[PDB]
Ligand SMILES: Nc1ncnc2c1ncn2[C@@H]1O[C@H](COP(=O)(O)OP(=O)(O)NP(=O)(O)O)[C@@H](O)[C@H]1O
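Okay, so here's just one chain, in structure tokens, the form solved without the ligand.
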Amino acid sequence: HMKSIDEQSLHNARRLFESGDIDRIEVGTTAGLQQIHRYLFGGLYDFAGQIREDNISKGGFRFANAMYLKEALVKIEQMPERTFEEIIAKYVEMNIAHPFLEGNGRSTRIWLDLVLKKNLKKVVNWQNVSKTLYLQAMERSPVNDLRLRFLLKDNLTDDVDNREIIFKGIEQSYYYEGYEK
């Protein structure tokens, strides 16, 4: 049956890695996140790669106000990346920014892995990070990022070029957002 947006986007994510285009993206910047988003969602959402102008929320949580989102992103992208703790803090702020109308979670997890890979030579082995534990750690993270830090730290891998880790991690990441083939 015709591919859904999420299914085609998962194919786009796989291609991002298969083609090597993943490693030609800016790391740790707003523009690099936009690049990822455009690769994942170009042709699928008209706003692929575009910073939102509208406010968004999920549950009882409102993401950063569009009114000062661009200003926030400039500060976020200048945050340091030299330790695991710093990188998670930067990720937590980029999640709070949530700069697109859709596709924030999936694009920003790829973004995080590029920052980890560049600075620590590690990535998250997402296939081993449960959806329930991830989502609860993310919900806690604005106030206290310790649960998220430990969850991700416990699931780091140095096998950053392994196909199975990459592809199973894409699958897991998309499953966090509700998609399973």
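Position 1 is the first residue in the sequence shown; the rest follow in order.
Another form, the form deposited with the ligand bound, is not on view; read the next lines as being about it.
Peer 1: Should the pocket be classed as open or blocked once the ligand, positioned as in the deposited bound form, is overlaid via C-alpha superposition of the site (3 or more ligand atoms within 2.4 Å of backbone or C-beta atoms defines blocked)?
Peer 2: Placed partner shows the pocket blocked.
Peer 1: Do all of 105, 131 and 135 end up near the ligand in the deposited bound form, with near meaning a heavy atom within 4.5 Å?
Peer 2: Checked in the deposited bound form: all three residues contact the ligand.
Peer 1: Quick check on residue 118: any heavy atom within 4.5 Å of the ligand in the deposited bound form?
Peer 2: Result no; residue 118 lies far from the ligand in the deposited bound form.
Peer 1: Answer for residue 58 alone: is it within 4.5 Å of the ligand in the deposited bound form, judged on heavy atom distances?
Peer 2: Flag for residue 58 set to yes.
Peer 1: Is there a heavy atom of residue 139 no more than 4.5 Å from a heavy atom of the ligand in the deposited bound form?
Peer 2: Yes, residue 139 sits close enough to the ligand in the deposited bound form that at least one of its heavy atoms falls within 4.5 Å.
Peer 1: With the cut-off set at 4.5 Å between non-hydrogen atoms, does residue 39 touch the ligand in the deposited bound form?
Peer 2: Result no; residue 39 lies far from the ligand in the deposited bound form.
Peer 1: Could you tell me which of 150 to 158, 23 to 31, 61 to 69, 110 to 118 sits within 4.5 Å of the ligand in the deposited bound form, going by non-hydrogen atoms?
Peer 2: Result of the contact check: 61 to 69.
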